[PDB]
C-alpha cells in the first residue's frame, strides 16, 4: 500500500513568499475587474438630477423646478447638469455639493421675509420660464423706480428646528455702474451676513464683463449653515439677491457622478462614473475614485489566491 495526493495536468500559477509563478492545483482571483455599465439602483430611492445642477436644487433655476424638494437614497449628477440661470458662480461650491450629496434630500420652508418700499420682481430672459422670470427659491429685491434708492433694509431669520439649516443669498454684479445705480440706489452697496459663528460682508463689483446667456451682469451665490436656535442677520442696501426659503437635510444619502443608465434590476453599493462594481472580492482595479462600500483600489490587475496544494504532474 502507498499513499499520495492529487494533481492535474494544467495547474494554475500563483506567487508565493519565496517563489514566483508556482503551479498549484487551483486558485481564484482576488482583484475584481468586472464592471457593470449601469447604476444598480434596486431598492434605493433614486433621483437623477439630469439637466439640473445639484446646487441648482437650492436656488431654483428652470432646470430644477422638479427638484426643489426631493427625497432620496442615491442622488445622481450628470455632466449636462447646470446650477445656473443668470451667468454666475457659487462661491465655495464643491463643499456645498459634498453636503447636499449626503443630505438625503432637501425640505424647503420660507424665510418669512416680507418687504416695503421696494419691488420684488426682478426677472430675466436668462432665467427663461413661463416666458421670462427669475430663480425660484430666490427674490431679486429691486429698487422701486429707476435710479431710485434702496433702503437700509435688514432681514433676519432664526432656525428653530432640531437640525441645522442651509441658508443662501446672492450678490448681483451689474455689467456697469450705470446699471447698478439704476436697479438699486446709488453709491456704495454693502451686504453683510452675520450669525453666531459666521460673519462676512460682500461688496458688488459692477463693470464690463462678457455677455453669457444674454446678460453681462453676474449673480454669485453665497452660503452658511445655521445652527439650531441660532439667528442669521442680513444687512444690505441693494445688489442683494435675497433667500425666500431655507433648506434642511432629510438624512442619509449618497451622491455619485455617472454618465451611465440607471437600472433597478441589479443591486450595488459601490458606484462610480461608469457603472457599479458588483463583487465580494477585497480588491478592485476598476476605478480608483469609486465610492460607497467598495473593495480597495489597487494597481495590480490580478492577485491570485491558491486554494489548493502545489501541483505536481506525473
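Numbering follows the first chain given and starts at 1.
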Could you settle it for me: does 285-293 or 249-257 have the higher average Cα B factor in the PDB entry?
-> 249-257
Stretch with the higher entry mean CA B-factor, where the candidates are 69-77 and 124-132 = 124-132
By the entry's C-alpha temperature factors, tell me which of 96, 219, 242, 212 sits highest.
-> 212
Which of 92, 197, 110, 82 ranks first by CA B-factor in the deposited coordinates | 110
Among all modelled residues of this chain, ranked by Cα B factor, put residue 102 in the bottom, middle or top third, i.e. lowest, middle or highest.
-> lowest
Chain thirds of CA B-factor: placement of residue 12 = highest
